[PDB]
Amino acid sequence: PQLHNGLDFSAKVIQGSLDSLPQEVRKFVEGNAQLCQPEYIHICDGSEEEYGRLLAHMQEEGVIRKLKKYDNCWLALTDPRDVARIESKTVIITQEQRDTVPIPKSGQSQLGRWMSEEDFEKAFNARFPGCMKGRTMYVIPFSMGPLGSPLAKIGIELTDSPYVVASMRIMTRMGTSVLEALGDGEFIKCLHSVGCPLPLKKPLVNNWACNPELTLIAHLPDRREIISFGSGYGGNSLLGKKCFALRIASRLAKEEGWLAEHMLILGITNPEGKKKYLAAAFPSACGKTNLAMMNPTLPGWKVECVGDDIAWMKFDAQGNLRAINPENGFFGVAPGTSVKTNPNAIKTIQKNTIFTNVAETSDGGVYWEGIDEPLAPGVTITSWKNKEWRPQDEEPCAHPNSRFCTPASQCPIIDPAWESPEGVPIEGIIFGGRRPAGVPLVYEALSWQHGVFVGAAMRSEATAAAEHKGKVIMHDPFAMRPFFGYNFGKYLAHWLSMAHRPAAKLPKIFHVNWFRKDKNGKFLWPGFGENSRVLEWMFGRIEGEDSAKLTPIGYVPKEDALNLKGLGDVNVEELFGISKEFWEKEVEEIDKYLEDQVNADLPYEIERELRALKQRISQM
């Protein structure tokens, strides 16, 4: 209905039909078209034709370049103001702040950012009205999970960015089939704008529309809305990924008895023909993708990848923790990727891949720090800043948080069960981060409650994945600091509660450190495929092997228990050393952090594990 002619957007639809949409989808699309005032509405179909045409259009406009060396690969270079997540501009809206974060004693929380509904309405009104003028609003129906799976969750993302459309086609299952699967069901409402209505009010930098000053990534869990303004960077604009499948989903999971986690899922097969699945939570840019598609150095071992970033898991009636990967692609850090470090990623990204903020070679290929491939004499390099570049120059040729965005189905070791709606049974959970000192290569938690404490106590050097600079060691509990959808204390309680579930077969919990350094700042452990030697030890421990010795922080490998054949130059004593002074300091730091940041919401069990660790260290 309407008394005039501005409410019904039918005449502005350039693909699809508002009449063909499910009723509630139409209302969502049209309501936001009324607000944002796009010139056109394009309902995505997910087809190869749509995708190729959109890419060519972006190429026309100078928004992306085709990489002529490869099969259907593309390179986007962004405004340098829009390169990573911004935690301080990422918020969750609830009636009560304590539902979203524990109230920190110190007054500033490091476990999320809350915004009142009043303040968010004002922020929304200062951003979205008219924001799509002169642009197309693309409507992206997407599934987090295989099309038609009983455990998939569907969303609709509205965006004015073709780059977002193309990247969502890779990272989710997208298009008409999803609308058909959705029918009259519920869907997560996702609204995104780059925040640059036409005619442009401000200079366009590097043909990359964005609004840094007004960037705001908001989540409204009771209304089932995600609303993101001003950034095109995938972590901020691919709304099915961090926003939905971690922040919204972790709160749903709390309410419904499951888990949504920042974890890879991999399957590993040993030389005796046994296969086990493991999950691992490491912070952004701290080794998940490389572990998930590892090429093991140990003969007779094989790793297969289920997912590299997000896991949705629950204990089933048989007691097994079963996990699914709700994503359809990998959005991986590019620098460091080489045939030696991640040969499976190199094979995956050679076709149908979008690269962002990497360098370009004159024969139409890609380049980045650590790529470890010599170029022919005469071949030149254009940096991610679109300037000619030479290896002798002061700055990197690729941004440190540059990315590939690639279909998971193309991974040569994609696991045969990666789309099974039954999920895969997790037998070990691994925590870890970047710790240049003090923390040994691997240890095993003493119990479930100890393992939840180990997750809670995680710390890691800052990376380029968000706004934190330098290499300051930060708390990042469960690798979820940027991603909790609700109060972290409550999340710890939820984890603890799993132990008391009927027939629960609780996975073993481990903590790793690939990143300990010697006195000269060189890594003590080579990592990458050599991490298979650590996974071997974990595998044996899951099977019940007596290959561990007790220490104050947990179980570690016995002398000679790790296979170090071919690594005679590793300094094992240094790499496994546990210093009373370091750990006295560590436990004091963890105590103060949990007291300040979790406070009244810290479960008794976790405080008890803290007291126990302090006491074990005191007996050293």
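Residue positions are given as counts along the sequence shown, with the first one as 1. Take the two forms, superpose them, and find the largest set of C-alpha atoms that agree within 1.5 Å; that set is the rigid core.
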| query | finding |
| --- | --- |
| Stretch departing more from the displayed form, 556-564 or 65-73, Cα RMS in 8 other deposited structures of this protein (core fit) | 556-564 |
| More shifted region, core-based fit in 8 other deposited structures of this protein, 194-202 vs 511-519 by CA | 511-519 |
| Greater mean Cα temperature factor according to the PDB record, 469-477 or 299-307 | 469-477 |
| Mean temperature factor over C-alpha atoms, higher-scoring stretch between 41-49 and 569-577 | 569-577 |
| Given 408, 456, 115, 424, the residue at which the Cα B factor reaches its maximum | 115 |
| Highest recorded Cα temperature factor - choice among 268, 381, 75, 190 | 381 |
| Residue 95 CA temperature factor, ranked by third within the chain | highest |
| Entry-reported Cα temperature factor of residue 18, expressed as the chain third it lands in | highest |
| Chain third (lowest, middle, highest) by recorded CA B-factor, residue given as residue 152 | highest |
| Assigned third (lowest, middle, highest) for the C-alpha B factor of residue 610 | middle |
| Cα B factor band for residue 338 (lowest, middle or highest third within the chain) | middle |
